[PDB]
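Reading the structure
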Amino acid sequence: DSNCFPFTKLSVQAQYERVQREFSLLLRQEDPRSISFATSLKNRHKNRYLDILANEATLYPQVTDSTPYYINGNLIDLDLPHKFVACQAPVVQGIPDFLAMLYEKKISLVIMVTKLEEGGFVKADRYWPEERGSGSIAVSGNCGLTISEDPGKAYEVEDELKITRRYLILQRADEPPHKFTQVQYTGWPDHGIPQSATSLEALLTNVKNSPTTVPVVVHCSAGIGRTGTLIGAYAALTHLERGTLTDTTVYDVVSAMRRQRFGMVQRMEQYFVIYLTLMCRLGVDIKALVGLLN
Amino acid sequence: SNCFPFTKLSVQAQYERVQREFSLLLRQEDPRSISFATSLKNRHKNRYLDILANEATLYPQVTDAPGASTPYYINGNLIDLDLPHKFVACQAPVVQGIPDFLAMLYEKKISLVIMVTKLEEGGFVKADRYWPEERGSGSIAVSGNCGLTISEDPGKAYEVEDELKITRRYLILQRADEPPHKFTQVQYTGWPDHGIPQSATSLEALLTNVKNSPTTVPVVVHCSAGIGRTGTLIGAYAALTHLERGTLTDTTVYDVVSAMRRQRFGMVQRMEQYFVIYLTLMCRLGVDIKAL
């Protein structure tokens, strides 16, 4: 009981139309002229996309503080057990900043929801050692970091889920090493929907089993699209699990994410995916809806 | 002719200035508008994920004469500062790119290589040995199909100057029955990464080597990444060469570093390394240091 989710009572057509209507209303609320993007704007050399900027008020890691590095990213806090860092895939010259952040902040879990390249276009740049390599790569920037494959825990590849788990060790000279897990999900291309519901659930299982003492880092390419869906689904499902799901939960959750990082949930079908994950958790068939989106 | 009003300013005047010049230098180059195409293609030969050689000045490709091409790769760039010597600022080559580096030295008849790093620093590999280490005999075959060999010059043994932390290696590259090519490599091990020389004399000795070297070929300078200590040494060279010829202006230090960054992204990494150029120019002008 306690959960109220009347979305499952609507016909397929009404469900599709309500999602479109809500997403348009969210875009309708966009007003970035009034928002400060000061720090993000002077660091365009490290922005993957010129007009995808991080809000100053929630800029990470600057709001936990001189932070000598820049990631185009924001702290997402929805009054839940986990906070998140939603950020872009760092560009090559921004990778040392990204790794330094992971290291200084002791980040335990990084979730990457894109391939490096999709459809003939670059989405992200590699920041982990390749399997076929020596097991370690280094950055020269920010006084140097080395990132290595964990010698006592090999990379895991889950073919059906399209998930790869990399257990990594970040180190600076004469400082203690820091272990972290990167999880890459390559089965959900930009402009599409996840190939299977199970993969997103597996990602959220990682989130839940990770420590609440540090935020979980999540990125796609610009860090507002698939990244926003993942964080939104987590939030929405937490409400479900604690009996506080309401008819407005998805809209409310996305609205609150948007206040903390402009443009969160970038595409209509990405907003739709949050409803789909709720339905799957509830055991409601999504096949006809998936059909309409394809 | 020498105008350097930097000496006639307060202690917190100078420090304030350098800070702001370097902070200006940090934002000069827009990587979004720079090609790194060949360096990105040769990622497996790069020592660092974040350190890429600019296409426009990539060496030795930048010297090739239209349609002609280069079958090897170094992460290195030609640096021209309108001075008698030119430089190839490059990384310490990785094992996979050692043959390329040695092929470059042989084909371009490089006379002098300056190495401003140890092989390892504090447990981390900074460089890979590309010279023989035998009981003086030393002649080793280089990988690839070329037929390149590198030997210690039988007529002139390695020299170890323990006072200046400098080693001088006289080496020979030889391929087939082509005329062999001699060169000198000078390694300075008293300059930690991201940091400053422990000895002004050691630095001055490297510059003497540079000045005394032939002007008909560029001088190869590498550290680990090939931008920090390498950039500082080249910057110091330039500024001093200006202080010599009497062309030292107020804005000479800024202008050489700005010129270097144009030709290889990121030259002179840390602000402290930018200071060394000012320092070893004031300390040459007999003006007392601060230091920090």
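Rules used throughout
Residues numbered from 1 in each chain as written, not as in the entry; some residues may be left out. Chains lettered and ligands numbered in written order. Heavy atoms only, no water. Residues with missing side-chain atoms left out of burial classes, pairs and counts. Helix = DSSP H or I, 4+ residues; strand = E, 2+ residues; numbered from the N terminus. Rg over C-alpha atoms; globule rule 2.2 N^0.38 Å. Contact = heavy atoms within 4.5 Å. Axes fitted to C-alpha atoms, helices over the stretch in contact; angles between N-to-C directions. Parallel < 35°, antiparallel > 145°, perpendicular 65-115°, else oblique. Left-handed = near helix turned anticlockwise from the far one by under 90°. Buried area = accessible area lost by both parts, 1.4 Å probe. Salt bridge = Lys/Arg side-chain N within 4 Å of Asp/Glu carboxyl O. Polar contact = N/O pair within 3.5 Å; in protein donor to acceptor, adjacent residues only side chain to side chain. UniProt positions renumbered as here; feature names shortened; annotations may be inferred. Buried < 20%, exposed > 50% of the residue type's maximum accessible area, 1.4 Å probe, protein only. Pairing = 2+ DSSP bridges. Core = buried A, V, L, I, M, F, W, Y, C linked by side-chain atoms within 4.5 Å. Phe/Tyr/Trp six-rings, centres within 6.5 Å; stacked < 30°, edge-to-face > 60°. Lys NZ or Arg CZ within 6 Å of the ring centre and 35° of its normal. Expected span 1.5 Å × (residues − 1).

With that out of the way, let us pick up the overall build of chain A. The number of helices and strands found in chain A is eight helices and eleven strands. In terms of overall size, chain A behaves like a compact globule, its C-alpha atoms giving a radius of gyration of 19 Å where 294 residues would be expected to give roughly 19 Å. Reported as C-alpha extents along the three principal axes, the dimensions of chain A are approximately 60 × 45 × 40 Å.

Glancing now at the overall build of chain B. Within chain B, the regular secondary structure consists of seven helices and eleven strands. At 19 Å, chain B has a C-alpha radius of gyration in line with the 19 Å of a compact globule built from 292 residues. Considering only C-alpha atoms, chain B reaches an extent of 60 × 45 × 40 Å along its principal axes. A separation of at least 24 residues holds for 65% of the contacts in chain B among residues at least 6 apart in sequence.

A few words on the packing of helix 1 (residues 11–25) of chain B against helix 6 (residues 252–263) of chain B. Residues and elements named next belong to chain B. Viewed as axis vectors pointing N to C, helix 1 and helix 6 meet at an angle of 20 degrees, and their least axial separation amounts to 10 Å. One finds that helix 1 runs roughly parallel with respect to helix 6. As helix 1 packs across helix 6, the resulting crossing turns out to be right-handed. Seen from helix 1, the contacting residues are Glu 21, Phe 22, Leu 24 and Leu 25; seen from helix 6, they are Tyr 254, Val 257, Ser 258 and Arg 261.

Taken together, the 26 residues of chain A in the interface contact 21 residues of chain B. Taken over both partners, the interface formed by chain A and chain B buries close to 1,900 Å², and the fraction arising from carbon and sulfur atoms is 53%. By the criterion of area lost to chain B, the three top residues of chain A are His 45, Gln 93 and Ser 140 of chain A, representing 35% of everything that side buries. One can count zero salt bridges joining chain A with chain B. Run the count over chain A and chain B and you get eleven residue pairs in polar contact. Looking at which element gives the most residues to the side of chain A that touches chain B, the answer is strand 6 (residues 136–139) of chain A, with three residues.

Moving on: the UniProt feature "domain: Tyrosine specific protein phosphatases" (unreviewed entry) in chain B. The sites that UniProt annotates as "domain: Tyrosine specific protein phosphatases" (unreviewed entry) are residues 204–275 of chain B. Between the end C-alpha atoms of residues 204–275 of chain B the distance is 16 Å, and the span holds 60% helix and 6% strand.

All names here are of chain B. Extensive coverage of strand 10 (residues 181–188) is indicated by the burial of seven of its eight residues. As paired elements, strand 3 (residues 112–115) and strand 10 share four bridges and run parallel to each other. Within the sheet, the bridge partner assigned to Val 113 lies in strand 10 and is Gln 185. Here eight bridges tie strand 9 (residues 166–175) to strand 10, and the two strands are oriented antiparallel to one another. The residue of strand 10 that forms the bridge with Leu 171 is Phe 183. Two successive antiparallel strands, strand 9 and strand 10, enclose a turn made up of five residues, where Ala 176 displays a positive phi of approximately 55 degrees.

The biggest cluster of nonpolar side chains holds 56 residues, and the ones touching the most others in it are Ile 111, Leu 203, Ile 231, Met 257 and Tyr 271 of chain A. In terms of residue count, the dominant contributor to this core is helix 7 (residues 268–282) of chain A (nine residues). What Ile 231 of chain A contacts, discounting residues up to four positions off in sequence, is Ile 76, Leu 78, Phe 84, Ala 86, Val 218, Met 257 and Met 264 of chain A. Judged by nonpolar contacts, the second largest core, of 51 residues, contains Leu 207, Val 253, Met 260 and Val 268 of chain B.

For the rest of this paragraph, the subject is the pattern of salt bridges. As a working rule, side chains carrying opposite charge can pair if their charged atoms are close by. Residues and elements named next belong to chain B. Tallied over the entire structure, the rule returns 26 salt bridges over all chains. Close ionic contact of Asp 128 with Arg 47 constitutes a salt bridge, the shortest N to O distance being 2.8 Å. Of the two residues, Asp 128 is situated in the loop between strand 5 (124–125) and strand 6 (139–141) and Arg 47 in the loop between helix 2 (37–41) and strand 1 (76–79); the sequence distance between them amounts to 81 residues. We classify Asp 128 as partly exposed; its relative accessible area is 22%.

For the coordinates displayed, the defined rule picks out 19 aromatic pairs over all chains. Centre to centre, the rings of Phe 6 of chain B and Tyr 278 of chain B are 4.3 Å apart; their planes meet at 25 degrees, and the pair counts as stacked. Placement of the pair is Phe 6 of chain B in the segment before helix 1 and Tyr 278 of chain B in helix 7 (residues 271–282), with a sequence separation of 272 residues. The two residues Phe 6 of chain B and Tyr 278 of chain B agree in class, both being buried. Centre to centre, the rings of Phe 22 of chain B and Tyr 274 of chain B are 5.7 Å apart; their planes meet at 35 degrees, and the pair counts as tilted. Within this pair, whereas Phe 22 of chain B is found in helix 1, its partner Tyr 274 of chain B is found in helix 7, the two being separated by 252 residues in sequence. Neither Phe 22 of chain B nor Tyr 274 of chain B differs from the other in exposure class; each is buried. In this structure, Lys 106 of chain A packs its charged tip against the face of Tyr 103 of chain A, placed 3.9 Å from the ring centre.

The subject of this paragraph is the pairing of strand 6 of chain A. Strand direction decides the pairing type here: strand 6 of chain A and strand 7 (residues 145–149) of chain A, joined by four bridges, are antiparallel. Residue pairing across strands places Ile 137 of chain A opposite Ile 147 of chain A, the latter belonging to strand 7 of chain A.

The linkage connecting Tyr 60 of chain A with the following residue, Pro 61 of chain A, adopts the cis geometry, with an omega of 5 degrees. Here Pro 61 of chain A is to be found in the loop between helix 2 (38–42) and strand 1 (73–76). Note that the residue after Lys 290 of chain B, namely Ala 291 of chain B, is joined by a cis bond; omega there is -5 degrees. Notably, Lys 106 of chain A is not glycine yet its phi reads approximately 60 degrees, a positive angle. Assignment of secondary structure puts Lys 106 of chain A in the loop between helix 3 (95–104) and strand 3 (109–112).

Residue and element names in this part refer to chain B. Relative to the 16 Å expected for twelve residues at 1.5 Å per residue, helix 7 spans 17 Å between its end C-alpha atoms, a close match to the ideal helical length. The buried count for helix 7 comes to nine of twelve residues, which makes it a mostly enclosed element. The complete set of buried residues in helix 7 reads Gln 273, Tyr 274, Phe 275, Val 276, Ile 277, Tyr 278, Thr 280, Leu 281 and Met 282. Looking at the buried residues of helix 7, the elements they touch are helix 1, helix 4 (200–212), helix 5 (229–245) and helix 6.

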